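Student: structure_28.txt is the file, holding compact mmCIF, N, CA and C atoms:
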```
# COMPACT_ATOMS: atom_id res chain seq x y z
N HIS A 5 7.49 -60.56 -17.31
CA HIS A 5 7.12 -59.89 -16.03
C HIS A 5 5.93 -60.50 -15.27
N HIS A 6 5.26 -61.45 -15.90
CA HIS A 6 4.12 -62.12 -15.28
C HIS A 6 3.02 -61.12 -14.85
N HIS A 7 2.59 -60.30 -15.82
CA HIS A 7 1.51 -59.35 -15.59
C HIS A 7 0.15 -60.06 -15.60
N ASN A 8 -0.85 -59.29 -15.18
CA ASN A 8 -2.28 -59.70 -15.22
C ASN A 8 -2.78 -59.81 -16.64
N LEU A 9 -2.93 -61.02 -17.14
CA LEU A 9 -3.27 -61.27 -18.54
C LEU A 9 -4.71 -60.94 -18.85
N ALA A 10 -5.51 -60.76 -17.81
CA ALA A 10 -6.94 -60.54 -17.99
C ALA A 10 -7.37 -59.10 -18.00
N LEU A 11 -6.40 -58.19 -17.74
CA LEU A 11 -6.80 -56.76 -17.62
C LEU A 11 -7.43 -56.21 -18.88
N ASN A 12 -8.58 -55.63 -18.74
CA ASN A 12 -9.24 -54.97 -19.88
C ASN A 12 -9.74 -55.94 -20.93
N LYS A 13 -9.79 -57.26 -20.66
CA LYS A 13 -10.21 -58.24 -21.62
C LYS A 13 -11.72 -58.42 -21.51
N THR A 14 -12.32 -58.99 -22.56
CA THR A 14 -13.81 -59.13 -22.59
C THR A 14 -14.23 -60.28 -21.65
N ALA A 15 -15.24 -59.97 -20.91
CA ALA A 15 -15.75 -60.89 -19.92
C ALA A 15 -17.22 -61.26 -20.14
N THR A 16 -17.63 -62.40 -19.70
CA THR A 16 -18.97 -62.96 -19.86
C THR A 16 -19.41 -63.52 -18.56
N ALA A 17 -20.61 -63.35 -18.14
CA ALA A 17 -21.13 -63.92 -16.89
C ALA A 17 -22.42 -64.61 -17.07
N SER A 18 -22.83 -65.43 -16.20
CA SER A 18 -24.11 -66.06 -16.25
C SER A 18 -25.24 -65.03 -16.03
N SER A 19 -25.08 -63.99 -15.29
CA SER A 19 -26.09 -62.97 -15.06
C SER A 19 -25.38 -61.74 -14.51
N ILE A 20 -26.07 -60.61 -14.48
CA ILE A 20 -25.61 -59.44 -13.82
C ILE A 20 -26.75 -58.88 -12.99
N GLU A 21 -26.46 -58.17 -11.96
CA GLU A 21 -27.45 -57.60 -11.08
C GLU A 21 -28.21 -56.51 -11.82
N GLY A 22 -27.57 -55.74 -12.65
CA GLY A 22 -28.15 -54.57 -13.39
C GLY A 22 -27.02 -53.85 -14.02
N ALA A 23 -27.35 -52.75 -14.70
CA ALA A 23 -26.40 -51.83 -15.17
C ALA A 23 -25.48 -51.31 -14.11
N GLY A 24 -24.23 -51.31 -14.42
CA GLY A 24 -23.23 -50.92 -13.56
C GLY A 24 -22.50 -52.11 -12.86
N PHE A 25 -22.96 -53.31 -13.09
CA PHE A 25 -22.41 -54.56 -12.45
C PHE A 25 -22.05 -55.56 -13.50
N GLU A 26 -21.72 -55.07 -14.67
CA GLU A 26 -21.35 -55.92 -15.80
C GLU A 26 -20.11 -56.79 -15.48
N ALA A 27 -20.03 -57.89 -16.17
CA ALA A 27 -18.87 -58.82 -16.00
C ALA A 27 -17.56 -58.09 -16.21
N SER A 28 -17.52 -57.17 -17.15
CA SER A 28 -16.32 -56.39 -17.42
C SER A 28 -15.73 -55.71 -16.21
N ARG A 29 -16.54 -55.33 -15.26
CA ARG A 29 -16.07 -54.57 -14.13
C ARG A 29 -15.15 -55.32 -13.25
N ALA A 30 -15.16 -56.67 -13.30
CA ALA A 30 -14.13 -57.45 -12.53
C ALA A 30 -12.79 -57.37 -13.19
N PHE A 31 -12.65 -56.89 -14.42
CA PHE A 31 -11.41 -56.93 -15.21
C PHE A 31 -10.83 -55.63 -15.49
N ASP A 32 -11.30 -54.59 -14.84
CA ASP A 32 -10.87 -53.22 -15.15
C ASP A 32 -9.71 -52.71 -14.32
N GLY A 33 -9.14 -53.52 -13.48
CA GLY A 33 -7.99 -53.12 -12.77
C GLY A 33 -8.31 -52.26 -11.56
N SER A 34 -9.57 -52.15 -11.13
CA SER A 34 -9.97 -51.30 -9.95
C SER A 34 -10.82 -51.97 -9.02
N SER A 35 -10.64 -51.72 -7.72
CA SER A 35 -11.53 -52.22 -6.72
C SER A 35 -12.67 -51.25 -6.41
N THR A 36 -12.88 -50.22 -7.28
CA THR A 36 -13.99 -49.31 -7.13
C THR A 36 -15.19 -49.70 -7.92
N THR A 37 -15.13 -50.81 -8.65
CA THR A 37 -16.20 -51.31 -9.54
C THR A 37 -16.19 -52.84 -9.38
N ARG A 38 -17.34 -53.44 -9.57
CA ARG A 38 -17.44 -54.92 -9.46
C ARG A 38 -18.48 -55.48 -10.39
N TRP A 39 -18.22 -56.71 -10.84
CA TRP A 39 -19.31 -57.56 -11.32
C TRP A 39 -20.14 -57.97 -10.13
N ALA A 40 -21.45 -58.04 -10.31
CA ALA A 40 -22.34 -58.70 -9.31
C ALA A 40 -23.36 -59.48 -10.14
N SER A 41 -23.63 -60.69 -9.77
CA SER A 41 -24.61 -61.54 -10.47
C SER A 41 -26.01 -61.19 -10.00
N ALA A 42 -27.00 -61.82 -10.66
CA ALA A 42 -28.31 -61.85 -10.04
C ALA A 42 -28.26 -62.46 -8.71
N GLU A 43 -29.15 -62.10 -7.80
CA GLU A 43 -29.13 -62.59 -6.47
C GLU A 43 -30.08 -63.77 -6.26
N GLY A 44 -29.80 -64.57 -5.27
CA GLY A 44 -30.71 -65.63 -4.86
C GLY A 44 -30.68 -66.93 -5.64
N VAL A 45 -29.75 -67.14 -6.55
CA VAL A 45 -29.79 -68.22 -7.46
C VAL A 45 -28.42 -68.78 -7.70
N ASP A 46 -28.30 -70.10 -7.50
CA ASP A 46 -27.08 -70.86 -7.76
C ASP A 46 -27.24 -71.72 -8.97
N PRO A 47 -26.26 -71.99 -9.78
CA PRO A 47 -24.91 -71.41 -9.69
C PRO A 47 -24.84 -70.08 -10.39
N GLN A 48 -23.72 -69.40 -10.30
CA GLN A 48 -23.35 -68.28 -11.13
C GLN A 48 -21.94 -68.39 -11.57
N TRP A 49 -21.53 -67.74 -12.60
CA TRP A 49 -20.14 -67.85 -13.17
C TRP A 49 -19.75 -66.63 -13.88
N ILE A 50 -18.45 -66.44 -14.07
CA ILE A 50 -17.91 -65.39 -14.86
C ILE A 50 -16.66 -65.89 -15.51
N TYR A 51 -16.42 -65.61 -16.76
CA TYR A 51 -15.19 -65.95 -17.41
C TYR A 51 -14.64 -64.79 -18.18
N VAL A 52 -13.35 -64.81 -18.46
CA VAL A 52 -12.61 -63.86 -19.28
C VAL A 52 -12.05 -64.54 -20.48
N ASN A 53 -12.10 -63.81 -21.64
CA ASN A 53 -11.45 -64.20 -22.89
C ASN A 53 -10.13 -63.53 -22.92
N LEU A 54 -9.06 -64.24 -22.75
CA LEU A 54 -7.73 -63.65 -22.81
C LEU A 54 -7.28 -63.14 -24.18
N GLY A 55 -8.07 -63.43 -25.19
CA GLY A 55 -7.83 -62.87 -26.56
C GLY A 55 -7.19 -63.91 -27.45
N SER A 56 -6.47 -64.84 -26.89
CA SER A 56 -5.63 -65.84 -27.57
C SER A 56 -5.29 -66.89 -26.55
N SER A 57 -4.77 -68.00 -27.00
CA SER A 57 -4.26 -69.01 -26.07
C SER A 57 -3.06 -68.50 -25.28
N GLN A 58 -3.06 -68.62 -23.94
CA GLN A 58 -1.94 -68.15 -23.16
C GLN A 58 -1.61 -69.16 -22.08
N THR A 59 -0.36 -69.14 -21.58
CA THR A 59 0.01 -69.90 -20.47
C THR A 59 -0.59 -69.27 -19.22
N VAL A 60 -1.23 -70.02 -18.41
CA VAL A 60 -1.79 -69.54 -17.18
C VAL A 60 -1.49 -70.49 -16.05
N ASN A 61 -1.13 -69.95 -14.85
CA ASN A 61 -0.89 -70.75 -13.69
C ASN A 61 -1.44 -70.19 -12.42
N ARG A 62 -2.15 -69.03 -12.45
CA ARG A 62 -2.56 -68.39 -11.20
C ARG A 62 -3.80 -67.52 -11.44
N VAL A 63 -4.70 -67.52 -10.49
CA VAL A 63 -5.85 -66.61 -10.52
C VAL A 63 -5.96 -65.96 -9.18
N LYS A 64 -6.15 -64.63 -9.18
CA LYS A 64 -6.45 -63.89 -7.94
C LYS A 64 -7.85 -63.30 -8.01
N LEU A 65 -8.64 -63.55 -7.01
CA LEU A 65 -10.01 -63.03 -6.83
C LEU A 65 -10.09 -62.05 -5.69
N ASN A 66 -10.63 -60.88 -5.89
CA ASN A 66 -10.92 -59.96 -4.81
C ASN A 66 -12.41 -59.84 -4.66
N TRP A 67 -12.96 -60.61 -3.75
CA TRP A 67 -14.39 -60.66 -3.51
C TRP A 67 -15.00 -59.50 -2.87
N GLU A 68 -16.21 -59.12 -3.26
CA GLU A 68 -17.02 -58.29 -2.45
C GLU A 68 -17.65 -59.17 -1.31
N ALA A 69 -18.45 -58.51 -0.46
CA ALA A 69 -19.05 -59.25 0.65
C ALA A 69 -19.74 -60.49 0.14
N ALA A 70 -20.37 -60.43 -1.02
CA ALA A 70 -21.15 -61.55 -1.56
C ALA A 70 -20.22 -62.56 -2.21
N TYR A 71 -19.49 -63.30 -1.40
CA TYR A 71 -18.51 -64.24 -1.91
C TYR A 71 -19.07 -65.67 -2.14
N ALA A 72 -18.29 -66.50 -2.86
CA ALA A 72 -18.68 -67.90 -3.04
C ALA A 72 -17.94 -68.74 -2.02
N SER A 73 -18.65 -69.57 -1.26
CA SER A 73 -18.01 -70.54 -0.42
C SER A 73 -17.73 -71.84 -1.14
N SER A 74 -18.51 -72.18 -2.19
CA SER A 74 -18.13 -73.25 -3.05
C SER A 74 -17.89 -72.71 -4.42
N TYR A 75 -16.75 -72.89 -5.00
CA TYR A 75 -16.48 -72.51 -6.42
C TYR A 75 -15.38 -73.28 -6.94
N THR A 76 -15.27 -73.29 -8.25
CA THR A 76 -14.10 -73.81 -8.96
C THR A 76 -13.50 -72.74 -9.82
N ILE A 77 -12.25 -72.92 -10.13
CA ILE A 77 -11.55 -72.21 -11.21
C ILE A 77 -11.39 -73.16 -12.35
N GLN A 78 -11.78 -72.77 -13.54
CA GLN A 78 -11.75 -73.65 -14.71
C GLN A 78 -11.12 -72.98 -15.87
N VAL A 79 -10.51 -73.72 -16.79
CA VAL A 79 -9.88 -73.17 -17.96
C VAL A 79 -10.41 -73.91 -19.19
N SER A 80 -10.35 -73.18 -20.29
CA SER A 80 -10.70 -73.77 -21.62
C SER A 80 -9.74 -73.21 -22.67
N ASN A 81 -9.27 -74.13 -23.57
CA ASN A 81 -8.52 -73.72 -24.72
C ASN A 81 -9.33 -73.95 -26.01
N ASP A 82 -10.65 -73.92 -25.93
CA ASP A 82 -11.47 -73.85 -27.16
C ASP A 82 -11.21 -72.49 -27.79
N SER A 83 -11.34 -72.46 -29.13
CA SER A 83 -11.21 -71.20 -29.84
C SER A 83 -12.50 -70.36 -29.87
N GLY A 84 -13.63 -71.03 -30.07
CA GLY A 84 -14.90 -70.39 -30.04
C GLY A 84 -15.53 -70.28 -28.68
N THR A 85 -16.83 -70.21 -28.56
CA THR A 85 -17.49 -70.13 -27.26
C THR A 85 -17.04 -71.32 -26.41
N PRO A 86 -16.58 -71.11 -25.17
CA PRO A 86 -16.02 -72.27 -24.47
C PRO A 86 -17.04 -73.19 -23.92
N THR A 87 -16.88 -74.47 -24.23
CA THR A 87 -17.74 -75.54 -23.76
C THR A 87 -16.93 -76.68 -23.07
N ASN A 88 -15.64 -76.78 -23.38
CA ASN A 88 -14.80 -77.82 -22.79
C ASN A 88 -13.92 -77.11 -21.74
N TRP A 89 -14.21 -77.45 -20.50
CA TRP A 89 -13.65 -76.81 -19.29
C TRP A 89 -12.92 -77.87 -18.48
N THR A 90 -11.72 -77.54 -17.98
CA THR A 90 -11.01 -78.35 -17.00
C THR A 90 -10.91 -77.57 -15.71
N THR A 91 -11.36 -78.18 -14.61
CA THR A 91 -11.18 -77.61 -13.31
C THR A 91 -9.79 -77.67 -12.81
N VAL A 92 -9.25 -76.57 -12.38
CA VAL A 92 -7.88 -76.50 -11.79
C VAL A 92 -7.88 -76.24 -10.33
N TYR A 93 -9.00 -75.90 -9.74
CA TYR A 93 -9.05 -75.61 -8.34
C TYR A 93 -10.49 -75.81 -7.87
N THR A 94 -10.76 -76.42 -6.78
CA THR A 94 -12.02 -76.56 -6.18
C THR A 94 -12.03 -76.19 -4.69
N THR A 95 -12.99 -75.45 -4.15
CA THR A 95 -13.14 -75.33 -2.72
C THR A 95 -14.56 -75.42 -2.38
N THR A 96 -14.86 -75.90 -1.15
CA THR A 96 -16.13 -75.78 -0.53
C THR A 96 -16.09 -75.00 0.76
N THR A 97 -14.97 -74.36 1.02
CA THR A 97 -14.73 -73.61 2.26
C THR A 97 -14.22 -72.25 1.97
N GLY A 98 -14.66 -71.63 0.85
CA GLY A 98 -14.20 -70.28 0.52
C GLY A 98 -14.66 -69.34 1.64
N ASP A 99 -13.86 -68.32 1.82
CA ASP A 99 -14.02 -67.39 2.91
C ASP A 99 -14.04 -65.96 2.45
N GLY A 100 -14.12 -65.66 1.16
CA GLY A 100 -14.18 -64.33 0.66
C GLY A 100 -12.87 -63.57 0.75
N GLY A 101 -13.00 -62.29 0.76
CA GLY A 101 -11.83 -61.44 0.74
C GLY A 101 -10.98 -61.64 -0.45
N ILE A 102 -9.67 -61.77 -0.27
CA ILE A 102 -8.79 -62.15 -1.41
C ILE A 102 -8.61 -63.62 -1.41
N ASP A 103 -8.75 -64.26 -2.56
CA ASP A 103 -8.41 -65.66 -2.80
C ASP A 103 -7.35 -65.63 -3.82
N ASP A 104 -6.24 -66.29 -3.69
CA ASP A 104 -5.14 -66.25 -4.68
C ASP A 104 -4.67 -67.68 -4.86
N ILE A 105 -4.78 -68.24 -6.03
CA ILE A 105 -4.63 -69.65 -6.31
C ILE A 105 -3.67 -69.88 -7.39
N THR A 106 -2.66 -70.75 -7.14
CA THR A 106 -1.68 -71.15 -8.12
C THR A 106 -1.86 -72.67 -8.48
N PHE A 107 -1.70 -72.99 -9.71
CA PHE A 107 -1.91 -74.36 -10.22
C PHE A 107 -0.86 -74.69 -11.24
N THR A 108 -0.74 -75.95 -11.61
CA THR A 108 0.21 -76.33 -12.63
C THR A 108 -0.15 -75.69 -13.94
N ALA A 109 0.78 -75.25 -14.70
CA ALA A 109 0.47 -74.40 -15.83
C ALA A 109 -0.36 -75.08 -16.91
N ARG A 110 -1.26 -74.33 -17.48
CA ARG A 110 -2.17 -74.77 -18.58
C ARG A 110 -2.13 -73.76 -19.65
N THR A 111 -2.55 -74.13 -20.86
CA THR A 111 -2.78 -73.17 -21.93
C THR A 111 -4.30 -72.94 -21.99
N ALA A 112 -4.68 -71.68 -21.91
CA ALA A 112 -6.13 -71.32 -21.91
C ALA A 112 -6.35 -70.05 -22.67
N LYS A 113 -7.47 -70.02 -23.36
CA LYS A 113 -8.03 -68.80 -23.90
C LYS A 113 -9.06 -68.23 -22.94
N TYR A 114 -9.74 -69.05 -22.18
CA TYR A 114 -10.78 -68.62 -21.25
C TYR A 114 -10.55 -69.12 -19.85
N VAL A 115 -10.82 -68.29 -18.86
CA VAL A 115 -10.62 -68.68 -17.46
C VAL A 115 -11.91 -68.32 -16.71
N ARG A 116 -12.50 -69.25 -16.01
CA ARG A 116 -13.78 -69.11 -15.39
C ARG A 116 -13.74 -69.31 -13.90
N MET A 117 -14.48 -68.52 -13.19
CA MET A 117 -14.87 -68.79 -11.77
C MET A 117 -16.29 -69.27 -11.81
N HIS A 118 -16.56 -70.52 -11.47
CA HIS A 118 -17.89 -71.10 -11.44
C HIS A 118 -18.28 -71.35 -9.99
N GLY A 119 -19.29 -70.73 -9.54
CA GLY A 119 -19.68 -70.76 -8.18
C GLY A 119 -20.96 -71.49 -7.95
N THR A 120 -21.04 -72.34 -6.93
CA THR A 120 -22.22 -73.13 -6.62
C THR A 120 -22.85 -72.91 -5.28
N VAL A 121 -22.14 -72.39 -4.30
CA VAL A 121 -22.68 -72.10 -2.99
C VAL A 121 -22.20 -70.68 -2.60
N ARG A 122 -23.12 -69.84 -2.19
CA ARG A 122 -22.85 -68.55 -1.70
C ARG A 122 -22.59 -68.48 -0.21
N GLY A 123 -21.71 -67.58 0.16
CA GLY A 123 -21.46 -67.29 1.57
C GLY A 123 -22.48 -66.38 2.19
N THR A 124 -23.33 -65.75 1.43
CA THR A 124 -24.35 -64.81 1.88
C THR A 124 -25.65 -65.20 1.19
N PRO A 125 -26.78 -64.52 1.57
CA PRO A 125 -28.05 -64.76 0.85
C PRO A 125 -28.24 -63.96 -0.36
N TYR A 126 -27.17 -63.30 -0.86
CA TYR A 126 -27.31 -62.33 -1.96
C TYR A 126 -26.90 -63.04 -3.24
N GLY A 127 -25.96 -62.45 -4.04
CA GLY A 127 -25.48 -63.09 -5.25
C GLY A 127 -23.97 -63.48 -5.07
N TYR A 128 -23.26 -63.31 -6.18
CA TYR A 128 -21.84 -63.51 -6.30
C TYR A 128 -21.25 -62.22 -6.81
N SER A 129 -20.19 -61.69 -6.20
CA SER A 129 -19.66 -60.41 -6.69
C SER A 129 -18.16 -60.27 -6.45
N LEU A 130 -17.48 -59.83 -7.52
CA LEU A 130 -16.04 -59.70 -7.61
C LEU A 130 -15.65 -58.29 -7.97
N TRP A 131 -14.82 -57.62 -7.14
CA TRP A 131 -14.16 -56.42 -7.53
C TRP A 131 -13.19 -56.62 -8.65
N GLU A 132 -12.37 -57.67 -8.49
CA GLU A 132 -11.28 -57.89 -9.35
C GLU A 132 -11.07 -59.41 -9.58
N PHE A 133 -10.71 -59.80 -10.79
CA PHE A 133 -10.35 -61.19 -11.17
C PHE A 133 -9.15 -61.05 -12.08
N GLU A 134 -8.02 -61.52 -11.58
CA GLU A 134 -6.72 -61.40 -12.31
C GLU A 134 -6.28 -62.78 -12.70
N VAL A 135 -5.52 -62.86 -13.77
CA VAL A 135 -4.99 -64.10 -14.30
C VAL A 135 -3.53 -63.93 -14.64
N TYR A 136 -2.69 -64.85 -14.19
CA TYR A 136 -1.26 -64.79 -14.41
C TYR A 136 -0.72 -66.07 -14.98
N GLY A 137 0.47 -66.02 -15.58
CA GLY A 137 1.14 -67.21 -16.11
C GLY A 137 2.61 -67.22 -15.78
```
Take the structure in this file and express it as structure tokens.
Tutor:
Amino acid sequence: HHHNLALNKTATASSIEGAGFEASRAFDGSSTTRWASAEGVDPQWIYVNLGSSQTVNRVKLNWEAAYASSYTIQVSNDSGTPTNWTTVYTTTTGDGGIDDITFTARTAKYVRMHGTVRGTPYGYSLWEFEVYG
């Protein structure tokens, strides 16, 4: 059925704004909660542990106002903490809102949004981050 493989999975971020903006909130299946990073500092990132190696070919991002204009989507099939990342998508012209990206299929345990340039003077923040295969 090609469901969202990332729903309810454990997430990790480079920073969070505070309590209530945990990385997990991008993976809870709701646009009423969001991850938000610390503000004012580049880069920031968030990744999900899919639990196991899975086929992945698509990522959907639902940005809050604090979107990334430069970011990559990256995957890792390391078993432990991910250190070996392959970029599958790059932009320097992100525009926020919904971003939905399809790529040639990979096997990944971890899927990351790594952001380097912000569209606002604040941080990086995602309502939702979905992963499909």
Student: Just list the residues in chain A DSSP gives helix (DSSP H, G or I) on the backbone, as a list in words.
Tutor: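 Here are the helix (DSSP H, G or I) residues of chain A: residues 27, 28, 29, 30 and 31 of chain A.
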Student: When you draw a straight line from atom CA of residue A:13 to atom CA of residue A:43, how long is it in Å?
Tutor: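 Spanning atom CA of residue A:13 to atom CA of residue A:43 is a straight-line distance of 24.6 Å.
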Student: Excluding residue A:82 and any residue of its chain fewer than 4 positions from it, enumerate the residues within 7 Å of it, using only N, CA and C atoms, and give them as a PyMOL selection string.
Tutor: chain A and resi 86-88+112-114
Student: Atoms to include: N, CA and C atoms. Write the selected residues as a short mmCIF file (atom, residue, chain, number, x, y, z; two decimals), in the coordinates of the input.
Tutor:
```
data_model
loop_
_atom_site.label_atom_id
_atom_site.label_comp_id
_atom_site.auth_asym_id
_atom_site.auth_seq_id
_atom_site.Cartn_x
_atom_site.Cartn_y
_atom_site.Cartn_z
N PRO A 86 -16.58 -71.11 -25.17
CA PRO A 86 -16.02 -72.27 -24.47
C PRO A 86 -17.04 -73.19 -23.92
N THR A 87 -16.88 -74.47 -24.23
CA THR A 87 -17.74 -75.54 -23.76
C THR A 87 -16.93 -76.68 -23.07
N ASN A 88 -15.64 -76.78 -23.38
CA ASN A 88 -14.80 -77.82 -22.79
C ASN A 88 -13.92 -77.11 -21.74
N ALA A 112 -4.68 -71.68 -21.91
CA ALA A 112 -6.13 -71.32 -21.91
C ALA A 112 -6.35 -70.05 -22.67
N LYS A 113 -7.47 -70.02 -23.36
CA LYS A 113 -8.03 -68.80 -23.90
C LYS A 113 -9.06 -68.23 -22.94
N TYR A 114 -9.74 -69.05 -22.18
CA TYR A 114 -10.78 -68.62 -21.25
C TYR A 114 -10.55 -69.12 -19.85
#
```
Student: So which residues of chain A fall under strand (DSSP E or B) by DSSP, listed as an NGL selection string?
Tutor: :A and (14-17 or 39-40 or 48-67 or 72-80 or 90-95 or 102-122 or 129-136)
Student: Excluding residue A:39 and any residue of its chain fewer than 6 positions from it, enumerate the residues within 5 Å of it, using all atoms listed in the file, and give them as a list in words.
Tutor: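 The residues that qualify are residues 25, 26, 27, 29, 30, 129 and 130 of chain A.
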Student: List the neighbours of residue A:71 out to 7 Å using all atoms listed in the file; skip same-chain residues closer than 3 positions along the sequence, and give me the result as a PyMOL selection string.
Tutor: chain A and resi 67-68+74+98-101+121-124+127-129
